[PDB]
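K.L.:
Quick one: this structure, given as structure tokens, is what I'll be asking you about.
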Amino acid sequence: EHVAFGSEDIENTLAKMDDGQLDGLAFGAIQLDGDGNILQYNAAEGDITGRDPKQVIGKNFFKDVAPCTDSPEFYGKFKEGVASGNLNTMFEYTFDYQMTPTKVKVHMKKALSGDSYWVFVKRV
Ligand SMILES: *C(=O)/C=C/c1ccc(O)cc1
């Protein structure tokens, strides 16, 4: 699926995509609701983290799946963007819970559908 991490219109392209199409992205893609529950989780993300995409759907990202992200630097910025209504922000991070420690770049961006927010991930 031809779309680059950090693209200016990434939210438009992914709004058109089904599960198999999301699985064809070169980067990890997670869709969360405003509470952090997992709506979508693609195959590239599971390749990074060792999570089975079907198993994590419905779980809470910040409480259950990814406690290392429950911090001002990650969850705090997610919450701020959900509240302000315009989430679009990038940072580096280390993922290390139930996986080998892995440096990543994260891009958070509001989705087009209601109460929906993307978390995109690639290795660094
Ligand atoms: C830290 O606990 C991060 C964990 C994690 C990040 C991203 C995922 O897709 C799964 C687990």
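Letters A, B, ... go to the chains of the structure tokens in the order shown; residues in each chain start at 1; ligands are counted from 1 in the same order.
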Which residues of chain A sit at most 7 Å from ligand 1, using only C-alpha atoms and all ligand atoms? Give each one's shortest atom pair and distance in Å (one decimal place), in chain and ascending residue order, as a Markdown table.

P.N.:
| residue | atom | partner | partner_atom_place_in_ligand_line | distance |
| --- | --- | --- | --- | --- |
| A:45 | CA | ligand 1 | 9 (O) | 5.6 |
| A:46 | CA | ligand 1 | 9 (O) | 6.5 |
| A:49 | CA | ligand 1 | 10 (C) | 5.3 |
| A:51 | CA | ligand 1 | 10 (C) | 6.4 |
| A:65 | CA | ligand 1 | 11 (C) | 5.4 |
| A:66 | CA | ligand 1 | 2 (O) | 3.5 |
| A:67 | CA | ligand 1 | 2 (O) | 4.2 |
| A:68 | CA | ligand 1 | 2 (O) | 3.4 |
| A:69 | CA | ligand 1 | 1 (C) | 5.2 |
| A:95 | CA | ligand 1 | 3 (C) | 4.2 |
| A:96 | CA | ligand 1 | 1 (C) | 5.1 |
| A:97 | CA | ligand 1 | 2 (O) | 4.2 |

K.L.:
Take the selection from the previous step and output its residues with N, CA and C atoms, as a PDB file, in the first residue's frame.

P.N.:
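Result file selection16.pdb:
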ATOM      1  N   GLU A  45       2.696  -3.345  12.681  1.00  0.00           N
ATOM      2  CA  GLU A  45       2.903  -3.066  14.102  1.00  0.00           C
ATOM      3  C   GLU A  45       3.183  -4.357  14.874  1.00  0.00           C
ATOM      4  N   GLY A  46       2.399  -5.422  14.622  1.00  0.00           N
ATOM      5  CA  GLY A  46       2.669  -6.699  15.267  1.00  0.00           C
ATOM      6  C   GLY A  46       4.056  -7.229  14.978  1.00  0.00           C
ATOM      7  N   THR A  49       6.321  -5.562  17.573  1.00  0.00           N
ATOM      8  CA  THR A  49       6.027  -5.682  18.995  1.00  0.00           C
ATOM      9  C   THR A  49       5.755  -7.113  19.429  1.00  0.00           C
ATOM     10  N   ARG A  51       2.892  -8.566  19.183  1.00  0.00           N
ATOM     11  CA  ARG A  51       1.468  -8.693  19.506  1.00  0.00           C
ATOM     12  C   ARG A  51       0.714  -9.256  18.314  1.00  0.00           C
ATOM     13  N   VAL A  65      -1.892  -2.937  27.161  1.00  0.00           N
ATOM     14  CA  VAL A  65      -0.955  -3.416  26.150  1.00  0.00           C
ATOM     15  C   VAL A  65       0.409  -2.757  26.274  1.00  0.00           C
ATOM     16  N   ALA A  66       0.450  -1.432  26.516  1.00  0.00           N
ATOM     17  CA  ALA A  66       1.662  -0.613  26.364  1.00  0.00           C
ATOM     18  C   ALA A  66       1.891   0.294  27.573  1.00  0.00           C
ATOM     19  N   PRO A  67       2.083  -0.290  28.773  1.00  0.00           N
ATOM     20  CA  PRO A  67       2.256   0.548  29.972  1.00  0.00           C
ATOM     21  C   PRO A  67       3.477   1.456  29.908  1.00  0.00           C
ATOM     22  N   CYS A  68       4.510   1.104  29.121  1.00  0.00           N
ATOM     23  CA  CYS A  68       5.640   2.014  29.011  1.00  0.00           C
ATOM     24  C   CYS A  68       5.252   3.343  28.376  1.00  0.00           C
ATOM     25  N   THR A  69       4.121   3.406  27.646  1.00  0.00           N
ATOM     26  CA  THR A  69       3.633   4.626  26.987  1.00  0.00           C
ATOM     27  C   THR A  69       2.744   5.466  27.890  1.00  0.00           C
ATOM     28  N   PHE A  95      10.165   1.176  23.064  1.00  0.00           N
ATOM     29  CA  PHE A  95       9.134   0.197  23.407  1.00  0.00           C
ATOM     30  C   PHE A  95       9.840  -1.019  24.016  1.00  0.00           C
ATOM     31  N   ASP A  96       9.456  -1.406  25.240  1.00  0.00           N
ATOM     32  CA  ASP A  96      10.182  -2.453  25.968  1.00  0.00           C
ATOM     33  C   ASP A  96       9.380  -3.358  26.916  1.00  0.00           C
ATOM     34  N   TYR A  97       8.078  -3.404  26.769  1.00  0.00           N
ATOM     35  CA  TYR A  97       7.257  -4.270  27.602  1.00  0.00           C
ATOM     36  C   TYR A  97       6.855  -5.513  26.806  1.00  0.00           C
TER      37      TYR A  97
END

K.L.:
In stretch 21-55 of chain A, what's alpha helix (DSSP H) per DSSP? Answer as a PyMOL selection string?

P.N.:
chain A and resi 21-23+43-49+53-55

K.L.:
Where does DSSP see strand (DSSP E) in stretch 1-97 of chain A, if you list the residues as a list in words?

P.N.:
residues 28, 29, 30, 31, 32, 38, 39, 40, 41, 88, 89, 90, 91, 92, 93, 94 and 95 of chain A

K.L.:
Between A:99, A:112, A:119, A:56, which is the closest to residue A:75 once you count only C-alpha atoms?

P.N.:
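So, comparing all the options, the nearest one is A:119.
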
K.L.:
I'd like to know which of A:42, A:7, A:94, A:37 is closest to residue A:59, using only C-alpha atoms.

P.N.:
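Result for the nearest residue to residue A:59: A:37.
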
K.L.:
Find the spatial neighbours of stretch 11-13 of chain A, counting only C-alpha atoms, within a cut-off of 12 Å - ignore same-chain residues fewer than 3 positions away - and output them as a short mmCIF file (atom, residue, chain, number, x, y, z; two decimals) with C-alpha atoms, in the first residue's frame.

P.N.:
data_model
loop_
_atom_site.label_atom_id
_atom_site.label_comp_id
_atom_site.auth_asym_id
_atom_site.auth_seq_id
_atom_site.Cartn_x
_atom_site.Cartn_y
_atom_site.Cartn_z
CA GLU A 1 0.00 0.00 0.00
CA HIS A 2 1.75 3.20 -1.34
CA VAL A 3 1.73 5.78 1.51
CA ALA A 4 4.71 7.20 3.53
CA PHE A 5 5.07 7.62 7.29
CA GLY A 6 4.58 11.29 8.17
CA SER A 7 2.71 12.17 4.97
CA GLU A 8 0.79 15.42 5.15
CA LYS A 16 -10.26 4.76 2.49
CA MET A 17 -8.53 1.51 3.64
CA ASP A 18 -9.82 -1.90 4.80
CA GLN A 21 -4.94 -2.58 3.02
CA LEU A 22 -3.85 -1.32 6.47
CA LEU A 25 1.59 -0.27 5.06
CA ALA A 29 -0.58 1.73 12.43
CA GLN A 31 -6.23 3.39 15.69
CA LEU A 87 -3.90 15.98 17.28
CA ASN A 88 -0.78 15.97 15.03
CA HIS A 107 3.43 10.09 14.82
CA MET A 108 0.02 10.76 16.41
CA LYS A 109 -2.74 12.19 14.20
CA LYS A 110 -6.53 12.62 14.46
CA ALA A 111 -8.51 10.30 12.13
CA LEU A 112 -11.47 11.37 9.99
CA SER A 113 -14.01 9.11 11.63
CA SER A 116 -10.73 8.02 16.40
CA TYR A 117 -6.97 8.77 16.61
CA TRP A 118 -3.99 7.22 14.79
CA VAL A 119 -0.70 6.19 16.39
CA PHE A 120 1.90 5.42 13.67
#

K.L.:
A:122, A:36, A:30, A:114: which is nearest residue A:76, counting only C-alpha atoms?

P.N.:
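Among A:122, A:36, A:30, A:114, it is A:36 that comes nearest to residue A:76.
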
K.L.:
Calculated over only C-alpha atoms, which of the candidates A:124, A:33, A:89, A:44 has the smallest distance to residue A:105?

P.N.:
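For residue A:105, the nearest of the given residues is A:124.
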
K.L.:
Just want the 9 Å neighbourhood of residue A:34, counted on only C-alpha atoms, with same-chain residues fewer than 6 positions away dropped. Output as a compact mmCIF listing (two decimals) with C-alpha atoms, in the first residue's frame.

P.N.:
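Wrote out35.txt, looks like this:
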# COMPACT_ATOMS: atom_id res chain seq x y z
CA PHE A 78 -2.32 11.93 23.21
CA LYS A 79 -4.79 13.15 25.82
CA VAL A 82 -7.84 14.48 21.93
CA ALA A 83 -9.07 17.30 24.17
CA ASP A 115 -13.70 9.56 18.26
CA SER A 116 -10.73 8.02 16.40
CA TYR A 117 -6.97 8.77 16.61

K.L.:
Which residue out of A:71, A:35, A:90, A:54 has the minimum interatomic distance to residue A:19 when only C-alpha atoms are used?

P.N.:
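Going through A:71, A:35, A:90, A:54 one by one, the smallest distance to residue A:19 is for A:54.
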